[PDB]
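Spelled out, the chains give:
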Amino acid sequence: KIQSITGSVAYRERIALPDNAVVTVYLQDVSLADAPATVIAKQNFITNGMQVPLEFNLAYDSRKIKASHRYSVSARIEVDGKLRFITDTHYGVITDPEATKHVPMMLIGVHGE
Amino acid sequence: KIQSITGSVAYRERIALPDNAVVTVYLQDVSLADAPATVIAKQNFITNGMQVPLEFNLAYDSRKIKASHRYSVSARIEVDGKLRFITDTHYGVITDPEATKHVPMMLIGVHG
């Protein structure tokens, strides 16, 4: 009834996350849109000392999955509500050729003015 | 070392959760009754069709754990900003007499 995408969140920069960093991981149906805002599942957690690679376990309602649809996971890391890291590509899951259920994601570091 | 508490979130009421229900699970140091319970770990997730028992896997930094301190998991469920379910029980983990790592939590209803 309940199934999961597992994986990790990492980045390449040699910098630590503060205890108040917030990780968000999303599962989306991207069959009809490359960047839908609607999600199938979404999890967020505080890092509070944890450092990359960070583990996640994203549960979802398996009934929401159709074999003919395309699904992807993405992730961001925020500090004080501002973006610090984000995935810049789709990570296909479930119905992709490798029937992927475990995703090591590599995020890009970002900043605003 | 990243370590984990696993478990489930349930309630007794024969009622379903809407797709926009938000579950929050907390790991806290409850050694002191009066202190602000220190949060070791916290996650939230949306149910979007999932129904109880809801599974959770709560990761935490093993360095945060202190010998002989008391630790507990707790949880709440909110819908459209309204509290609907909350734990009302101590769920001791890690340093409890069973060194518990997997917790099936039973939440009470909040029927406002």
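What follows covers the environment of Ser31 of chain B. All names here are of chain B. Turning to its location among the elements, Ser31 is positioned in the loop between β2 (22-29) and β3 (38-46). Overall, the relative accessible area of 30% leaves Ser31 in the partly exposed class. Remark: the alpha-carbon pair of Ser31 and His69, spanning 38 residues in sequence, is separated by 5.4 Å. In contact with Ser31, not counting residues within four places along its chain, are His69 and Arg70.

Further remarks concern the interface of chain A and chain B. Often, the extent of an interface is quoted as the loss of accessible area upon association of its parts. In this assembly, 23 residues from chain A lie in contact with 23 residues from chain B. Summing both partners gives a buried area of about 1800 Å² for chain A against chain B, and 52% of it is carried by carbon and sulfur. It is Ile2, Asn48 and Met50 of chain A that lose the most area in chain A upon contact with chain B, and together they represent 29% of the buried surface on that side. Between the two partners, chain A and chain B, sit zero salt bridges. At the surface where chain A touches chain B, the tally comes to nine residue pairs in polar contact. When contributions to the side of chain A that touches chain B are tallied by element, the ones reaching two or more residues are β3 (41-46) and β4 (54-61) of chain A. Residues belonging to the side of chain A that touches chain B are distributed by class as follows: 11 nonpolar, six polar and six charged.

The side chains of a regular strand alternate between both faces of the sheet. Residues and elements named next belong to chain A. Buried residues dominate strand β1 (residues 2-11), accounting for eight of its 10 residues. Both β1 and β4 contribute to a ladder of eight bridges, which runs antiparallel. In the strand pairing of β4, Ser8 is matched with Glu55. Note that β1 and strand β8 (residues 102-109) share six bridges and pair parallel.

Looking now at the pattern of salt bridges. Residues and elements named next belong to chain A. For the structure on display, the rule yields six salt bridges over all chains. With a closest N to O distance of 2.8 Å, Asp61 and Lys64 form a salt bridge. Here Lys64 falls in the partly exposed class, since its relative accessible area comes to 28%. One connected set of salt bridges, linked through shared partners, spans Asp61, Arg63 and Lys64.

Residues and elements named next belong to chain B. Pairing geometry for strand β5 (residues 71-79) and strand β6 (residues 82-87), over four bridges, is antiparallel. Paired with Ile77 across the strands is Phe85, a residue of β6. Taking the residues that link successive antiparallel strands as the turn, the β5-β6 hairpin has two residues, and the phi of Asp80 there is positive, at about 55 degrees. Bridging between β6 and strand β8 (residues 102-109) involves three bridges; their strand directions are antiparallel. Looking at the pairing, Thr87 lines up with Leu107 of β8.

The rules behind the values
Residues numbered from 1 in each chain as written, not as in the entry; some residues may be left out. Chains lettered and ligands numbered in written order. Heavy atoms only, no water. Helix = DSSP H or I, 4+ residues; strand = E, 2+ residues; numbered from the N terminus. Buried < 20%, exposed > 50% of the residue type's maximum accessible area, 1.4 Å probe, protein only. Contact = heavy atoms within 4.5 Å. Buried area = accessible area lost by both parts, 1.4 Å probe. Salt bridge = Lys/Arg side-chain N within 4 Å of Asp/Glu carboxyl O. Polar contact = N/O pair within 3.5 Å; in protein donor to acceptor, adjacent residues only side chain to side chain. Nonpolar A, V, L, I, M, F, W, Y, C, P; charged D, E, K, R; others polar. Pairing = 2+ DSSP bridges.

Structural measurements only, silent on function.
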